Amino acid sequence: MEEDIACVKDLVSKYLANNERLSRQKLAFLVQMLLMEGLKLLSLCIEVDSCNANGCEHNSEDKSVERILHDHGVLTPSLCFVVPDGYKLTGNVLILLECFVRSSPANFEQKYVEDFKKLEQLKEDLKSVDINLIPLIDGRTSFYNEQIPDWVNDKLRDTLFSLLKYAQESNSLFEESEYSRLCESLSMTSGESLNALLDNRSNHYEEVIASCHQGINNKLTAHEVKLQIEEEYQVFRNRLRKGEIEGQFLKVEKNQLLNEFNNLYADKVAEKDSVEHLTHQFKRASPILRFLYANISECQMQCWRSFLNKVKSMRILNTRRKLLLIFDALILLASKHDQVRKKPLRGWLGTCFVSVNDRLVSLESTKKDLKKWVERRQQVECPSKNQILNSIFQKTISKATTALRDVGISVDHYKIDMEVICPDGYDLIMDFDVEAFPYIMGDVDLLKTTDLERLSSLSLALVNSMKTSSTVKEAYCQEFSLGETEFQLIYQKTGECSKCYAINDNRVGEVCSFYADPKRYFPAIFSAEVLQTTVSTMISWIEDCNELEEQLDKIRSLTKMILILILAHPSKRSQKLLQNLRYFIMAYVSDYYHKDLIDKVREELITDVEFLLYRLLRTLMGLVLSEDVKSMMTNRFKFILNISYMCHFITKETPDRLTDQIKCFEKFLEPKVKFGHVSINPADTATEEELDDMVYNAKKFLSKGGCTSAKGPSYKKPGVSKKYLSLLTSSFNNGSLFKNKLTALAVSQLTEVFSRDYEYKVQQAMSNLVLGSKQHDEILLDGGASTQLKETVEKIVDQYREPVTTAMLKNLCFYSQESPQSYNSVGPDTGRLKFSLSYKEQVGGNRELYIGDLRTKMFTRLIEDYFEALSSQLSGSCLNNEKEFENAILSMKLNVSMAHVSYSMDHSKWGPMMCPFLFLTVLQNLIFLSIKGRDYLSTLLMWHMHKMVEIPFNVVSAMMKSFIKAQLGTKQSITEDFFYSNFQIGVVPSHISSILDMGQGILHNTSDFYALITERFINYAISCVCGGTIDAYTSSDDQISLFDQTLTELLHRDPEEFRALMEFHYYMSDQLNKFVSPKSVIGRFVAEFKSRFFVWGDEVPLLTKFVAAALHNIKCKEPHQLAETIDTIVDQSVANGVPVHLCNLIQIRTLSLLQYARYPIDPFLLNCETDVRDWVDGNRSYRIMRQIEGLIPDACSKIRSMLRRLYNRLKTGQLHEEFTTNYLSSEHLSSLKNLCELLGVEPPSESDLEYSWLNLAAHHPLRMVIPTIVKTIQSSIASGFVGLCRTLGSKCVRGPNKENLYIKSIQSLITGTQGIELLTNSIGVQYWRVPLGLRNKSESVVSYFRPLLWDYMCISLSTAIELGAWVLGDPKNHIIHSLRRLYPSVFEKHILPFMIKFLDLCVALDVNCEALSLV
Amino acid sequence: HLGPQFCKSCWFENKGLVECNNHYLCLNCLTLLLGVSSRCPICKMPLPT
Ligand SMILES: [Mn+2]
Ligand SMILES: [Zn+2]
Ligand SMILES: [Zn+2]
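Listed below in structure tokens is the structure:
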């Protein structure tokens, strides 16, 4: 036994790092178990490599944070005890290190998030002691190091494993748990089933299984099922023709639908309004609407303001308020000197002016404070009250020039004209002195873009006000310009929240005041022409109507009013109204509809503006859908569908997340309380009572008394019948289907005052203190870290009740204690699949999201892939495979082209009403002809049945606050009563396990499979009972059913039998968990599927949807990536329905947004001269090539001839692809002439060769807080855009020496040259023409410039490779193999960190020619 | 051959239809669309008499 021991002792004595420490471990081991110390030396090598790689001091003596803080003299109270691996002290900056090694990704991520939790707890604790710490996590998935060779370490580990073959170590020590974790730590599992678990399932599993088997047959014959179906259909038809069952489908009457829509909101809307009165009332509805249509009739101060704003970010002096005062005096003098010469007052409002940091300061306050300051400076000592200010102004301007010169701002570029500093400054500053709507409400016609332009100016002012830093009259203000006038938007509140703005003017004073939300007026910032043009297009759709010609002008005015109203007032209620309008118009042209349609279309509206929008919509529909139209219904339907989809213009983000979170929790909880399974505190260590309730609810879920009962089927009730489930199972089995204490005292006193700043204090006290007594743990520790705690909690509760060997040293090195070893009927002995509930933003209504840890993720992934394999064996579903979805589209087009009936169904409450137990039951009864695997799926579904869901902290805190307010100081909701009843006994809801909850996404494929089999069975039953086939296509939320000729002629000849069949379909679907939603429609002309509408086999454009999507999607990333995103979106839009003019205008709007951000537009950004050929059969590279051809029209022809000859000689001529890979790595400007001489074509002259473009990302990419091909394979919109505008002004570009600087410095250094001309064509493409004399001569700014002809050749060759050789005409996988072959080092680093054919040019033309990604 | 027996304009009349170049129109739609131009607003082809 000692043979291998002495062998490893020799090995550690010969091969070991003897730097200064590991020799101590060597001498401590050699005196001493082999496997443990082998792992220990390995992990210690990992740790020393970690601390030397991260420059941290090694923490070897197991010193915790208290020891480190005591060794430095910091006295701290009782906090968390955590020991780091390394520490680094720099004043008030501590660097902590935690290292671990894991083989399974689950345990790795678990320890990652656990270390994150402990480090955030430590940071929050030391923040209460004002000690700033920076965390560092060293997670190493491998065992490699830099001390022992790789194969030597592998041989060491193999010797450990071969010494593990004995039995003395296993029986003397290494108990089952620790030995198992040690063996799994040295293994290489890296977890497809993982069945090597300790199965100790109790009898409850068999109870649940027998529950799914009792009463159900699932072994019937294919003939008895038909007889039962026929008899059930007969009984159903009889009970309907009698009247015991209510009808669910009504025939459509256009007159009745219009009358029911007009009479909507009859209790608050008066009656039908005329167009003239509508236009009269609209122009004076809201303050923002009053500002519009109001008929409202260099820059030395602006230069000084901008200059002082530029020097304000660098913090030149620790005199913040004094710097503000000095800058105020300077801007005062500048405005004086600019207003005396020729200019009127531009930045004045009356006894107040706009100073630096775009804030309004009153002139009297400036004079007073400057007087106090100058007198206080004069008390200490002759200067005659003006030499002091003159000297200090000289000091400030000198310091500013120095602080801008080291970075190269070149102050002279600001056109300051620094002469305003006069000796008589003190005197000139002291002697300086300057129905309720003032204007006429309503003058502008609804045909000019003046209103849209004013709206754009106002929205830009709002979004620019959103970013006020607000350091330390105090009212801030932005300025927005206009024509003969310019106004100021004043505001006191700061941040990105919604506030109250005031539009003011200098000549008249206050003009408007309104409470608005800044982050919502984005889609109208620069959309001056695109909106007018899209409205013109929508009107031109129905322009050739021949029946609305006498009213089309009114129609246009109405549409424009709707648009301006939803843009100036973005409200979720308007969005919901427009979506319900979409549903209505969808159900208007059909043949049958649901009786609950109108109750769903009606949405509660407040604020008196939504009523105006509703009146506008009603009038518009009355005009377009009048009784005597009877012509081209297609165009009118498309028009109304776009008017409904106009909801996309409003941002899909939520105004306030608390209310939407409460709404999501209400939708989550209502059906559970309606059913009767709301078990609280699931108690992971399973008790018997919860199991009894679980099995009882499972038994109740299966009753669902069918139509053969006395009362009848109770619709919209959750539950599945036994008879129909048995029929389904039997039909599938045979071949038939597929075939702080002071604050607390102040809060208490404020509560007492309110009974017989303080309100927020009391709210925070109640949210952070009352929850301590119900601690049930993120927010609980967050509140505990902000506060002694026990005594304060006890006093608060009293005052509120008055008025009424598995050690540690081997646990961080070799093995982990986080892995499941056994599993029972509830879970893997560690957690019963705990999820957390969150909300996802959508257009109409937010959706739910169940987020879980990595173990739950992989379990659900296993179930999902298994059921996806099951479904792929079929050919009915279309969810995640493009082929079946394309086939569904083709079949739908073919069926609609023949005027067949189409049943578009949506299913209400698909999430909360489904059940895992139903899946388990329908699984346990199938055969699945070809046990391992099936029992695993069964127990996984059983785990899914016992599921914990964590209640969000926001909603429970809100309910606690409401309960406190109700106990201290009215139609309470269901969840409100639930929370109150739970609080009345002391317990607070932390997790609510229930039966009736299918995760929204976590069980997607299994739900799709269940829906597929159920719908197939339903269609089979309908076919066998009537005599007609039915095709079905599902998407796990909503589906389409396509009928054959027999059902069409049946509907044409018998409406009663058709509605009987439809109600029977509804009844059978409700017998399952397939509640048909009232949005469902049975129409023979229009068909809806996955937001795709088909009217006559074609597809509706949905223009406004794509237009809003393009106007919305602007992220804060690198500008070229933003251009790529916009190009992809505009490609999609032009592909579906959008014409070329709107898309060109969107591109120009994006370019204008980029110009406002002060960016050097380069020609490789966008092409806004489209003649639409490059969107159908062209990529982005072809568009950029077309733009460059438009830029330089002469050299492009020569280069295209050269490349045409080269491509012709390449595809079918002499082989040249072998040397081009190296030829394209030399000097480009010389290589062009070389290749032109080699091919025989005349090279371009010097004139048409010196053209270059400015690439700021030539040395390094922009710091948007090596090629790009090796990296691509690895808040809100307004916030993103304003962050983009903020970074592109700061030190964003990097130099060759890895130094940061401003873009303005680059333009300044370019202006210090005599060669370039800076010529642009029409819209600011901004391409330079630097000569080749200074070309890369003395490491000047010419290094940033890159020649245009070389990149043009690159892109033209890329397009020639991608799409044919016709692109060269006159205008009238294995890639990683090539990467590793050509760039070995680049293939080693930044490539695969966690993972002949004529393509070598596709990878060679981008690793060196830095133009695009090309792939 | 041709499509279904309906007027592609009003979507609801199905009695007494006259054949276009490739489909059917009702008499009311025909006399209503004869006043704008001679070209079929759907087929982009001249309408017969
Ligand atoms: Mn749908
Ligand atoms: Zn017609
Ligand atoms: Zn026609």
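Taken in sequence, the protein lines are chains A and B. Quick note on numbering: the numbering used here labels position 183 of the first sequence as 186, and the sequence is numbered without any gaps. Quick note on numbering: the numbering used here labels position 22 of the second sequence as 418, and the sequence is numbered without any gaps. Beta carbons are placed, not taken as given, at the ideal position from N, Cα and C, and that holds for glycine.
Inter-residue Cα distance where the pair is residue i and residue j
| i | j | result |
| --- | --- | --- |
| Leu428 of chain B | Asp454 of chain A | 38 angstroms |
| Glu1172 of chain A | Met304 of chain A | 39 angstroms |
| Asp1180 of chain A | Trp1369 of chain A | 12 angstroms |
| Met624 of chain A | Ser309 of chain A | 51 angstroms |
| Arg1384 of chain A | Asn22 of chain A | 38 angstroms |
| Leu748 of chain A | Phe966 of chain A | 21 angstroms |
| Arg435 of chain B | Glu1240 of chain A | 58 angstroms |
| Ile232 of chain A | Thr224 of chain A | 13 angstroms |
| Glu781 of chain A | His1123 of chain A | 39 angstroms |
| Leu893 of chain A | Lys702 of chain A | 44 angstroms |
| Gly830 of chain A | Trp913 of chain A | 26 angstroms |
| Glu979 of chain A | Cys667 of chain A | 14 angstroms |
| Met191 of chain A | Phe103 of chain A | 17 angstroms |
| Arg835 of chain A | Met861 of chain A | 14 angstroms |
| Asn814 of chain A | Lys114 of chain A | 12 angstroms |
| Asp520 of chain A | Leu728 of chain A | 52 angstroms |
| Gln401 of chain B | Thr637 of chain A | 17 angstroms |
Beta-bridge partners of residue i, as assigned by DSSP
| i | result |
| --- | --- |
| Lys91 of chain A | A:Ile98 |
| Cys422 of chain B | B:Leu413 |
| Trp1331 of chain A | A:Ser1255 |
| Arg850 of chain A | A:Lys843 |
| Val904 of chain A | DSSP output for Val904 of chain A lists no bridge partner at all. |
| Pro138 of chain A | A:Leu99 |
DSSP-derived helix/strand/coil call for residue i
| i | result |
| --- | --- |
| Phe956 of chain A | helix |
| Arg1349 of chain A | strand |
| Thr192 of chain A | coil |
| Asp547 of chain A | helix |
| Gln1042 of chain A | strand |
| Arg835 of chain A | coil |
| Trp376 of chain A | helix |
| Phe356 of chain A | strand |
| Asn1139 of chain A | helix |
| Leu363 of chain A | strand |
| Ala1014 of chain A | helix |
| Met951 of chain A | strand |
For residue i, the first and last residue of its enclosing beta strand (DSSP E)
| i | result |
| --- | --- |
| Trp1256 of chain A | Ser1255 to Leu1257 |
| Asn507 of chain A | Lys502 to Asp508 |
| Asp1034 of chain A | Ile1033 to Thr1037 |
| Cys480 of chain A | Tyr479 to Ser484 |
Minimum Cβ-Cβ distance from residue i to chain E less than 7 angstroms
| i | result |
| --- | --- |
| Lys633 of chain A | Considering every chain present, this structure includes no chain E. Its protein chains are A and B. |
Where the alpha helix (DSSP H) containing residue i begins and where it ends
| i | result |
| --- | --- |
| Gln237 of chain A | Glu227 to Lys245 |
| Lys798 of chain A | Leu792 to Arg804 |
| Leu865 of chain A | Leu857 to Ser875 |
Burial state of residue i (16 or more Cβ within 10 Å)
| i | result |
| --- | --- |
| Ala273 of chain A | exposed |
| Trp307 of chain A | buried |
| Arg937 of chain A | exposed |
| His340 of chain A | buried |
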